[PDB]
Amino acid sequence: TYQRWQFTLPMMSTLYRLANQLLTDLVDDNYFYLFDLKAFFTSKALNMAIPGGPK
Amino acid sequence: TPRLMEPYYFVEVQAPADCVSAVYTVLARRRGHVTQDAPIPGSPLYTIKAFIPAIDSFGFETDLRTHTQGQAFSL
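Calculation rules
Residues numbered from 1 in each chain as written, not as in the entry; some residues may be left out. Chains lettered and ligands numbered in written order. Part of a larger assembly, values for the part shown. Heavy atoms only, no water. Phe/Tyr/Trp six-rings, centres within 6.5 Å; stacked < 30°, edge-to-face > 60°. Buried < 20%, exposed > 50% of the residue type's maximum accessible area, 1.4 Å probe, protein only. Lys NZ or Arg CZ within 6 Å of the ring centre and 35° of its normal. 1 Å grid on protein atoms, 1.4 Å probe; cavity = no way out; pocket = protein on both sides within 12 Å on 5 of 7 lines; lining within 4 Å. Points joined across faces, edges and corners; volume = space filled by probe spheres on them. Helix = DSSP H or I, 4+ residues; strand = E, 2+ residues; numbered from the N terminus. Nonpolar A, V, L, I, M, F, W, Y, C, P; charged D, E, K, R; others polar. Contact = heavy atoms within 4.5 Å. Buried area = accessible area lost by both parts, 1.4 Å probe. Salt bridge = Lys/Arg side-chain N within 4 Å of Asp/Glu carboxyl O.

- Method of determination for the deposited model, per the PDB record: cryo-EM, at 3.2 Å resolution.

Structure representation (structure tokens):
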């Protein structure tokens, strides 16, 4: 039925090395500061625009 | 000859070695001055110790965390 999976750690290392283009080089949530879902909801409720954010 | 006096905050900023010049850029427009720039032993992050006027300190943390792409942090 092909529902659950578990791998070994060199397999995960190789699949993480091959996928280096579709992934980001971020390490922590110090990025997305005032640029996440809750800040966008706050800018939605206050009817203001973040520079780079939606309108 | 009476004069007025304002409070000055002491500010310590934890930041990577690249955004230090951006910290010098941001503190330049809020009438402050950097007193100490010191590397942390055993860590690549630096510490910037400065004095700032308290009336200029509104939105200061937000200015650093916006201008240094969220890498610097201040108290």
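From this point, the discussion proceeds with the structure in view.
**A closer look at the packing of aromatic side chains**
Alright, step 1. This structure, assessed with the given rule, holds four aromatic pairs over all chains.
Alright, step 2. Aromatic side chains A:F35 and A:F40 sit 5.1 Å apart centroid to centroid with 75° between the ring planes, which places their arrangement in the edge-to-face category.
Alright, step 3. Under the relative-accessibility criterion, A:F35 is labelled partly exposed at 36%.
Alright, step 4. Overall, the relative accessible area of 22% leaves A:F40 in the partly exposed class.
Alright, step 5. The ring centre of A:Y33 lies 3.7 Å from the NZ or CZ of B:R65, which sits over that ring.

**Some details on the layout of surface pockets**
Alright, step 1. Estimates place the volume of the largest pocket at around 460 Å³.
Alright, step 2. If you trace the largest pocket, you find 18 residues lining it, with A:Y33, A:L34, A:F35, A:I50 and B:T66 closest to the centre.
Alright, step 3. Elements supplying a minimum of two residues to the lining of the largest pocket: α2 (37-46) of chain A together with α2 (60-67) of chain B.
Alright, step 4. It is α2(A) that provides the largest number of residues to the lining of the largest pocket, a total of four residues.
Alright, step 5. The residue inventory of the lining of the largest pocket, partitioned by class, reads eleven nonpolar, six polar and one charged.
Alright, step 6. If you add up the space inside the second largest pocket, you get close to 160 Å³.
Alright, step 7. Lining the second largest pocket are A:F40, A:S43, A:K44, A:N47, A:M48, A:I50, A:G53, A:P54 and A:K55.
Alright, step 8. Looking at side-chain class alone, the lining of the second largest pocket contains four nonpolar, three polar and two charged residues.

**Looking at the interface of chain A and chain B**
Alright, step 1. Every contact between the two is made by four residues of chain A and, on the other side, four residues of chain B.
Alright, step 2. Regarding the contact of chain A and chain B, the summed buried area is about 460 Å², with carbon and sulfur atoms giving 46% of it.
Alright, step 3. Of all residues in chain A, A:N30, A:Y31 and A:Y33 give up the largest surface area on contact with chain B, accounting jointly for 84% of the area buried on that side.
Alright, step 4. Remark: the boundary between chain A and chain B carries zero salt bridges.

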